């Protein structure tokens, strides 16, 4: 599975790699990417009000540690045709820290 991560390290990754396009708080605004509040346990393509690609909506998985760990390594491999332009977080320790941050930040 996905080992535990350090949320402070994960927050730094989020700020430097994700925050340009995403907010996490309940009621936070959509930007280029969707607000991520309530992500874990919810299917792809479900943030209310955001215009997703058909590719994202079609994927149909439930976001959790394992699916995020695969996605964030290479987003376009996991969801071909997605409009999220993000090369990927290649190091597993960095993905794990980021996922620990997301699990807590989007509760």
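Residue numbers count along the first chain shown, from 1.
For the segment pair 86 to 94 and 13 to 21, the entry gives 86 to 94 the higher mean B-factor, averaged over Cα atoms. Among the modelled residues of its chain, residue 34 has a C-alpha B-factor that falls in the lowest third, as given in the PDB entry.
When the modelled residues of the chain are ordered by C-alpha B-factor, residue 43 sits in the lowest third. Ranked by Cα temperature factor within the chain, residue 2 sits in the highest third according to the deposited record.
Ranked by C-alpha B-factor against the other modelled residues of its chain, residue 26 falls in the middle third. Placement of the Cα temperature factor of residue 60 within the chain: highest third of the modelled residues, per the deposited record.
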